[PDB]
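Trainee: This structure is in structure tokens; I'll ask about it shortly.
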Amino acid sequence: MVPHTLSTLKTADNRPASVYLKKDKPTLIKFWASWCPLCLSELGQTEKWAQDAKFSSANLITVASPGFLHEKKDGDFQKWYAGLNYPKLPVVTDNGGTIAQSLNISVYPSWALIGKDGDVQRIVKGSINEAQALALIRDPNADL
Amino acid sequence: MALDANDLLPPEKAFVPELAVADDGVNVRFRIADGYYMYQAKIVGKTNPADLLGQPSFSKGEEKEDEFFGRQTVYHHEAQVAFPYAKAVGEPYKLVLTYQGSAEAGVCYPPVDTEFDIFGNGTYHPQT
């Protein structure tokens, strides 16, 4: 696998993704677009949901690939967030799309569920919901 | 083929890019699935050897109200953009296309950009 590479993923804060990739806890990688109307509104929701006591059971993070999918190139994306709101958004910078390409991310949002062992257990293209989240807590095979 | 509508199908197959190369210019007609919509203000399309293109001639669709963009022209199924050359030379040209839009189901896909090399073939499709 690529554990070393996954640990090289630096956030827009310049901090390693290790801050949310330890303690043998499941990780939830959510991809988003910078200049998108739907993603803009969802940004506030991401923080609100990430602060939920129930959602605090998984490491929910927001990853974007600078320069990938015609998004903001490296050096511009991190600068964009620097002028944005919410000083508590776990935005990770995936240079080149090391994660996006490996999961064939062609549409946002993308919900990548990483197991407690540091492996991709589930991958959903689209939007999730509370009922679906509860289903995932019951059975990780309950896709869609 | 059996649907091509709603959010049940991923963007990779929800778009049918029909490339029509003519003698006057290049006309790109990508069929959008019934449920997805692209922003004409974010659609990137240009083809030329050394930047010898006049301007991207869009067909113009309908105006869509928005909360952030206010209101812009969008394509929900109809999409045709003609690229007229400003120089009449039999030289090879590159085609830069970028598909940016969203789905009525609340899905926001990134601007998947695909560059094609026009060497002479008539029809062209992305090698994904």
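Every chain in the structure tokens takes a letter, A first, then B, and so on in the order presented; its residues are numbered from 1, and the ligands are numbered from 1 following the presented order.
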As JSON, numbers by chain, could you give me every residue of chain A near chain B (at most 10 Å apart, counting only C-alpha atoms)?

Mentor: {"A": [32, 33, 34, 35, 36, 37, 38, 39, 40, 41, 68, 69, 70, 71, 105, 106, 107, 108, 109, 110, 125, 126, 127]}

Trainee: Mind checking which residues fall within 6 Å of residue 19 (chain B), counting only C-alpha atoms, ignoring those fewer than 3 positions away in the same chain, and posting them as a list in words?

Mentor: residues 28, 123 and 124 of chain B

Trainee: Fewer than 4 positions away in the same chain doesn't count, so skip those; otherwise give me all residues within 9 Å of region 115-124 of chain A, counting only C-alpha atoms, as a PyMOL selection string.

Mentor: chain A and resi 1+3+21-28+103+109-111+128+140-141+143-144

Trainee: Could the residues in this selection be written to a file with C-alpha atoms, as a PDB file, in the first residue's frame?

Mentor:
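See out.pdb below for the written result:
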ATOM      1  CA  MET A   1       0.000   0.000   0.000  1.00  0.00           C
ATOM      2  CA  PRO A   3       0.916   4.585   3.963  1.00  0.00           C
ATOM      3  CA  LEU A  21      -4.913   9.633  10.579  1.00  0.00           C
ATOM      4  CA  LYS A  22      -4.041   7.926  13.851  1.00  0.00           C
ATOM      5  CA  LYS A  23      -5.457   6.158  16.927  1.00  0.00           C
ATOM      6  CA  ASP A  24      -6.734   3.347  14.679  1.00  0.00           C
ATOM      7  CA  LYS A  25      -9.841   5.397  13.925  1.00  0.00           C
ATOM      8  CA  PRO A  26     -11.858   5.408  10.655  1.00  0.00           C
ATOM      9  CA  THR A  27     -11.248   8.331   8.316  1.00  0.00           C
ATOM     10  CA  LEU A  28     -13.738  10.063   6.023  1.00  0.00           C
ATOM     11  CA  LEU A 103     -10.183   6.528  -6.516  1.00  0.00           C
ATOM     12  CA  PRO A 109     -18.678  15.452  -3.590  1.00  0.00           C
ATOM     13  CA  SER A 110     -16.716  12.257  -3.030  1.00  0.00           C
ATOM     14  CA  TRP A 111     -16.944  10.377   0.252  1.00  0.00           C
ATOM     15  CA  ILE A 128     -24.730  11.275   1.844  1.00  0.00           C
ATOM     16  CA  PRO A 140     -20.187  -1.059   5.944  1.00  0.00           C
ATOM     17  CA  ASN A 141     -21.518  -3.080   3.004  1.00  0.00           C
ATOM     18  CA  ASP A 143     -23.629   0.997  -0.246  1.00  0.00           C
ATOM     19  CA  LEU A 144     -25.875   3.688  -1.759  1.00  0.00           C
TER      20      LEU A 144
END

Trainee: Please return, as an NGL selection string, all residues of chain A that DSSP assigns to strand (DSSP E or B) on the basis of the backbone.

Mentor: :A and (10-11 or 16 or 27-31 or 59-64 or 91-93 or 108 or 110-114 or 120-125)

Trainee: Give me a file of those residues, with N, CA and C atoms, as a PDB file, in the first residue's frame.

Mentor:
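Generated file (part24.pdb):
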ATOM      1  N   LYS A  10      -0.236  17.044   3.022  1.00  0.00           N
ATOM      2  CA  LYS A  10      -0.243  18.242   3.848  1.00  0.00           C
ATOM      3  C   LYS A  10      -1.528  19.027   3.646  1.00  0.00           C
ATOM      4  N   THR A  11      -2.052  19.566   4.730  1.00  0.00           N
ATOM      5  CA  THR A  11      -3.274  20.345   4.678  1.00  0.00           C
ATOM      6  C   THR A  11      -2.975  21.770   4.225  1.00  0.00           C
ATOM      7  N   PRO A  16       0.519  18.008   8.550  1.00  0.00           N
ATOM      8  CA  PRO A  16       0.371  16.668   7.973  1.00  0.00           C
ATOM      9  C   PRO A  16      -0.996  16.068   8.300  1.00  0.00           C
ATOM     10  N   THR A  27     -11.397   7.013   8.908  1.00  0.00           N
ATOM     11  CA  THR A  27     -11.248   8.331   8.316  1.00  0.00           C
ATOM     12  C   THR A  27     -12.258   8.534   7.190  1.00  0.00           C
ATOM     13  N   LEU A  28     -12.772   9.747   7.064  1.00  0.00           N
ATOM     14  CA  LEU A  28     -13.738  10.063   6.023  1.00  0.00           C
ATOM     15  C   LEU A  28     -13.237  11.230   5.183  1.00  0.00           C
ATOM     16  N   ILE A  29     -12.790  10.923   3.976  1.00  0.00           N
ATOM     17  CA  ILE A  29     -12.268  11.934   3.070  1.00  0.00           C
ATOM     18  C   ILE A  29     -13.363  12.447   2.140  1.00  0.00           C
ATOM     19  N   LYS A  30     -13.665  13.733   2.242  1.00  0.00           N
ATOM     20  CA  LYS A  30     -14.677  14.344   1.401  1.00  0.00           C
ATOM     21  C   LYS A  30     -14.049  15.342   0.436  1.00  0.00           C
ATOM     22  N   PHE A  31     -14.219  15.095  -0.851  1.00  0.00           N
ATOM     23  CA  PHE A  31     -13.683  15.979  -1.880  1.00  0.00           C
ATOM     24  C   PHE A  31     -14.687  17.078  -2.219  1.00  0.00           C
ATOM     25  N   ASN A  59     -12.858  10.380  11.571  1.00  0.00           N
ATOM     26  CA  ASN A  59     -12.045  11.528  11.205  1.00  0.00           C
ATOM     27  C   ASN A  59     -12.483  12.093   9.860  1.00  0.00           C
ATOM     28  N   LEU A  60     -13.445  13.003   9.893  1.00  0.00           N
ATOM     29  CA  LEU A  60     -13.961  13.630   8.681  1.00  0.00           C
ATOM     30  C   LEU A  60     -13.045  14.767   8.235  1.00  0.00           C
ATOM     31  N   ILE A  61     -12.530  14.669   7.015  1.00  0.00           N
ATOM     32  CA  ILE A  61     -11.641  15.688   6.471  1.00  0.00           C
ATOM     33  C   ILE A  61     -12.046  16.059   5.047  1.00  0.00           C
ATOM     34  N   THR A  62     -11.645  17.244   4.616  1.00  0.00           N
ATOM     35  CA  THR A  62     -11.956  17.724   3.281  1.00  0.00           C
ATOM     36  C   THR A  62     -10.682  17.800   2.449  1.00  0.00           C
ATOM     37  N   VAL A  63     -10.616  17.029   1.379  1.00  0.00           N
ATOM     38  CA  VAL A  63      -9.431  17.014   0.534  1.00  0.00           C
ATOM     39  C   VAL A  63      -9.741  17.529  -0.865  1.00  0.00           C
ATOM     40  N   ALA A  64      -8.787  18.249  -1.437  1.00  0.00           N
ATOM     41  CA  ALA A  64      -8.914  18.788  -2.781  1.00  0.00           C
ATOM     42  C   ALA A  64      -7.570  18.652  -3.482  1.00  0.00           C
ATOM     43  N   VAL A  91      -8.895  21.036   5.577  1.00  0.00           N
ATOM     44  CA  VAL A  91      -8.684  21.012   4.138  1.00  0.00           C
ATOM     45  C   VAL A  91      -7.286  20.498   3.804  1.00  0.00           C
ATOM     46  N   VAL A  92      -7.227  19.380   3.095  1.00  0.00           N
ATOM     47  CA  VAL A  92      -5.958  18.778   2.708  1.00  0.00           C
ATOM     48  C   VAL A  92      -5.667  19.067   1.236  1.00  0.00           C
ATOM     49  N   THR A  93      -4.401  19.305   0.925  1.00  0.00           N
ATOM     50  CA  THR A  93      -3.979  19.607  -0.435  1.00  0.00           C
ATOM     51  C   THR A  93      -3.347  18.379  -1.102  1.00  0.00           C
ATOM     52  N   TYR A 108     -17.869  15.549  -7.716  1.00  0.00           N
ATOM     53  CA  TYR A 108     -17.938  15.899  -6.306  1.00  0.00           C
ATOM     54  C   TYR A 108     -19.399  16.012  -5.875  1.00  0.00           C
ATOM     55  N   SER A 110     -17.168  13.635  -3.088  1.00  0.00           N
ATOM     56  CA  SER A 110     -16.716  12.257  -3.030  1.00  0.00           C
ATOM     57  C   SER A 110     -16.454  11.881  -1.582  1.00  0.00           C
ATOM     58  N   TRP A 111     -17.098  10.822  -1.122  1.00  0.00           N
ATOM     59  CA  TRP A 111     -16.944  10.377   0.252  1.00  0.00           C
ATOM     60  C   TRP A 111     -16.151   9.083   0.316  1.00  0.00           C
ATOM     61  N   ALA A 112     -14.899   9.196   0.716  1.00  0.00           N
ATOM     62  CA  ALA A 112     -14.023   8.043   0.832  1.00  0.00           C
ATOM     63  C   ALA A 112     -13.929   7.600   2.285  1.00  0.00           C
ATOM     64  N   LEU A 113     -14.416   6.402   2.563  1.00  0.00           N
ATOM     65  CA  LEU A 113     -14.390   5.863   3.912  1.00  0.00           C
ATOM     66  C   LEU A 113     -13.174   4.974   4.109  1.00  0.00           C
ATOM     67  N   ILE A 114     -12.269   5.426   4.946  1.00  0.00           N
ATOM     68  CA  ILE A 114     -11.063   4.686   5.245  1.00  0.00           C
ATOM     69  C   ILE A 114     -11.248   3.929   6.555  1.00  0.00           C
ATOM     70  N   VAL A 120      -8.990   1.975   2.214  1.00  0.00           N
ATOM     71  CA  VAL A 120     -10.270   2.416   1.668  1.00  0.00           C
ATOM     72  C   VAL A 120     -11.289   1.285   1.743  1.00  0.00           C
ATOM     73  N   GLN A 121     -12.290   1.452   2.594  1.00  0.00           N
ATOM     74  CA  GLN A 121     -13.316   0.436   2.775  1.00  0.00           C
ATOM     75  C   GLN A 121     -14.553   0.732   1.929  1.00  0.00           C
ATOM     76  N   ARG A 122     -14.879   2.008   1.789  1.00  0.00           N
ATOM     77  CA  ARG A 122     -16.045   2.415   1.013  1.00  0.00           C
ATOM     78  C   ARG A 122     -15.754   3.696   0.239  1.00  0.00           C
ATOM     79  N   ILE A 123     -16.405   3.849  -0.903  1.00  0.00           N
ATOM     80  CA  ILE A 123     -16.240   5.033  -1.734  1.00  0.00           C
ATOM     81  C   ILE A 123     -17.574   5.388  -2.385  1.00  0.00           C
ATOM     82  N   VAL A 124     -18.100   6.559  -2.054  1.00  0.00           N
ATOM     83  CA  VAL A 124     -19.381   6.996  -2.595  1.00  0.00           C
ATOM     84  C   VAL A 124     -19.244   8.289  -3.393  1.00  0.00           C
ATOM     85  N   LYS A 125     -19.804   8.287  -4.597  1.00  0.00           N
ATOM     86  CA  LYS A 125     -19.785   9.458  -5.462  1.00  0.00           C
ATOM     87  C   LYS A 125     -21.144  10.146  -5.403  1.00  0.00           C
TER      88      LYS A 125
END

Trainee: Based on the backbone DSSP call, show me all residues of region 2-141 of chain A assigned alpha helix (DSSP H), as a PyMOL selection string.

Mentor: chain A and resi 3-6+37-50+77-82+98-102+130-138

Trainee: Just N, CA, C and O atoms for this one: save the residues we selected as a short mmCIF file (atom, residue, chain, number, x, y, z; two decimals), in the first residue's frame.

Mentor:
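This went into part_32.cif:
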data_model
loop_
_atom_site.label_atom_id
_atom_site.label_comp_id
_atom_site.auth_asym_id
_atom_site.auth_seq_id
_atom_site.Cartn_x
_atom_site.Cartn_y
_atom_site.Cartn_z
N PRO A 3 1.12 3.90 2.68
CA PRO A 3 0.92 4.59 3.96
C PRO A 3 1.81 5.81 4.10
O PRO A 3 1.39 6.85 4.63
N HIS A 4 3.05 5.70 3.62
CA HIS A 4 3.99 6.81 3.70
C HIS A 4 3.48 8.01 2.90
O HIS A 4 3.51 9.14 3.37
N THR A 5 2.97 7.74 1.70
CA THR A 5 2.45 8.78 0.83
C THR A 5 1.23 9.45 1.45
O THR A 5 1.11 10.67 1.44
N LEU A 6 0.35 8.64 2.03
CA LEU A 6 -0.86 9.15 2.68
C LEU A 6 -0.50 10.07 3.85
O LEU A 6 -1.22 11.02 4.15
N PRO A 37 -21.07 26.56 -6.54
CA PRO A 37 -22.20 27.04 -5.74
C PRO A 37 -22.66 26.02 -4.71
O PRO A 37 -22.79 26.33 -3.53
N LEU A 38 -22.86 24.78 -5.15
CA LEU A 38 -23.30 23.71 -4.26
C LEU A 38 -22.27 23.43 -3.17
O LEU A 38 -22.61 23.29 -2.00
N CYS A 39 -21.00 23.37 -3.57
CA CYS A 39 -19.92 23.11 -2.63
C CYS A 39 -19.76 24.26 -1.63
O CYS A 39 -19.38 24.04 -0.48
N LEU A 40 -20.07 25.47 -2.07
CA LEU A 40 -19.96 26.66 -1.22
C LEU A 40 -20.90 26.56 -0.03
O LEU A 40 -20.51 26.81 1.11
N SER A 41 -22.15 26.19 -0.29
CA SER A 41 -23.14 26.05 0.76
C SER A 41 -22.81 24.86 1.66
O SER A 41 -22.96 24.93 2.88
N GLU A 42 -22.34 23.78 1.05
CA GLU A 42 -22.00 22.57 1.78
C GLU A 42 -20.80 22.78 2.71
O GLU A 42 -20.65 22.09 3.71
N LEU A 43 -19.95 23.76 2.39
CA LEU A 43 -18.78 24.05 3.20
C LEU A 43 -19.16 24.32 4.66
O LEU A 43 -18.53 23.81 5.58
N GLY A 44 -20.21 25.12 4.85
CA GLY A 44 -20.66 25.43 6.19
C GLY A 44 -21.23 24.20 6.87
O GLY A 44 -21.09 24.02 8.09
N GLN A 45 -21.85 23.34 6.07
CA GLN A 45 -22.45 22.11 6.56
C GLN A 45 -21.37 21.13 7.02
O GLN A 45 -21.52 20.47 8.05
N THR A 46 -20.27 21.06 6.26
CA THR A 46 -19.17 20.18 6.60
C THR A 46 -18.67 20.45 8.02
O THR A 46 -18.50 19.53 8.81
N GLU A 47 -18.47 21.73 8.33
CA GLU A 47 -17.99 22.12 9.65
C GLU A 47 -19.03 21.80 10.72
O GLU A 47 -18.70 21.27 11.78
N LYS A 48 -20.29 22.12 10.43
CA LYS A 48 -21.38 21.88 11.37
C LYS A 48 -21.50 20.40 11.69
O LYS A 48 -21.65 20.02 12.85
N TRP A 49 -21.43 19.56 10.66
CA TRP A 49 -21.54 18.12 10.84
C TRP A 49 -20.30 17.54 11.51
O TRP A 49 -20.41 16.64 12.34
N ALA A 50 -19.13 18.06 11.17
CA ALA A 50 -17.88 17.59 11.76
C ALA A 50 -17.83 17.88 13.25
O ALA A 50 -17.09 17.23 14.00
N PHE A 77 -4.62 27.51 -4.46
CA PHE A 77 -5.67 26.89 -3.65
C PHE A 77 -5.49 27.17 -2.15
O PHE A 77 -6.43 27.61 -1.48
N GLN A 78 -4.30 26.92 -1.63
CA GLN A 78 -4.02 27.15 -0.22
C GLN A 78 -4.17 28.63 0.13
O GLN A 78 -4.51 28.99 1.26
N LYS A 79 -3.93 29.48 -0.87
CA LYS A 79 -4.05 30.92 -0.70
C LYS A 79 -5.52 31.32 -0.67
O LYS A 79 -5.90 32.29 -0.01
N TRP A 80 -6.33 30.56 -1.39
CA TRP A 80 -7.77 30.79 -1.45
C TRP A 80 -8.38 30.57 -0.07
O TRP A 80 -9.12 31.42 0.44
N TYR A 81 -8.06 29.42 0.53
CA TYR A 81 -8.58 29.09 1.86
C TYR A 81 -8.07 30.07 2.91
O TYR A 81 -8.75 30.35 3.90
N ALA A 82 -6.88 30.61 2.68
CA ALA A 82 -6.28 31.56 3.61
C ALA A 82 -7.13 32.83 3.73
O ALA A 82 -7.07 33.53 4.74
N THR A 98 -3.16 12.45 -6.04
CA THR A 98 -2.68 11.14 -5.61
C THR A 98 -3.83 10.31 -5.06
O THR A 98 -3.87 9.08 -5.22
N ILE A 99 -4.78 10.97 -4.41
CA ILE A 99 -5.93 10.29 -3.83
C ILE A 99 -7.08 10.27 -4.83
O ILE A 99 -7.73 9.24 -5.03
N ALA A 100 -7.29 11.41 -5.49
CA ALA A 100 -8.36 11.55 -6.47
C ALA A 100 -8.22 10.58 -7.63
O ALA A 100 -9.18 9.94 -8.04
N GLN A 101 -7.00 10.46 -8.16
CA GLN A 101 -6.75 9.58 -9.29
C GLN A 101 -6.89 8.10 -8.90
O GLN A 101 -7.46 7.31 -9.65
N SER A 102 -6.40 7.75 -7.72
CA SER A 102 -6.45 6.37 -7.24
C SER A 102 -7.88 5.91 -6.98
O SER A 102 -8.16 4.71 -6.96
N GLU A 130 -28.17 11.43 6.79
CA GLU A 130 -28.16 10.90 8.15
C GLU A 130 -28.55 9.42 8.19
O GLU A 130 -27.88 8.62 8.85
N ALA A 131 -29.62 9.07 7.49
CA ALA A 131 -30.09 7.69 7.45
C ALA A 131 -29.01 6.77 6.89
O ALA A 131 -28.81 5.66 7.39
N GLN A 132 -28.32 7.23 5.86
CA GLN A 132 -27.25 6.47 5.24
C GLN A 132 -26.08 6.30 6.20
O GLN A 132 -25.47 5.23 6.27
N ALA A 133 -25.79 7.36 6.95
CA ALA A 133 -24.70 7.32 7.92
C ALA A 133 -24.99 6.26 8.97
O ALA A 133 -24.10 5.50 9.36
N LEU A 134 -26.23 6.22 9.42
CA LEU A 134 -26.66 5.25 10.42
C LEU A 134 -26.54 3.83 9.87
O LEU A 134 -26.18 2.90 10.59
N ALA A 135 -26.82 3.68 8.58
CA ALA A 135 -26.72 2.38 7.92
C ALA A 135 -25.27 1.93 7.86
O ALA A 135 -24.96 0.75 8.07
N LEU A 136 -24.38 2.88 7.61
CA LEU A 136 -22.95 2.61 7.54
C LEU A 136 -22.42 2.15 8.90
O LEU A 136 -21.55 1.28 8.97
N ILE A 137 -22.97 2.72 9.96
CA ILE A 137 -22.58 2.37 11.32
C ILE A 137 -23.01 0.94 11.63
O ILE A 137 -22.37 0.23 12.40
N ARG A 138 -24.09 0.52 10.99
CA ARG A 138 -24.61 -0.83 11.17
C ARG A 138 -23.88 -1.83 10.28
O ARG A 138 -23.43 -2.87 10.75
#

Trainee: Residues at most 7 Å from region 20-26 of chain B, counting only C-alpha atoms, excluding those fewer than 5 positions away in the same chain, as a PDB file with C-alpha atoms, in the first residue's frame?

Mentor:
ATOM      1  CA  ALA B  82     -18.674  26.398 -33.156  1.00  0.00           C
ATOM      2  CA  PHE B  83     -15.044  27.471 -33.437  1.00  0.00           C
ATOM      3  CA  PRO B  84     -14.369  29.618 -36.542  1.00  0.00           C
ATOM      4  CA  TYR B  85     -10.716  30.036 -37.515  1.00  0.00           C
ATOM      5  CA  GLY B 122     -13.479  13.512 -38.339  1.00  0.00           C
ATOM      6  CA  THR B 123     -14.906  12.256 -35.060  1.00  0.00           C
TER       7      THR B 123
END
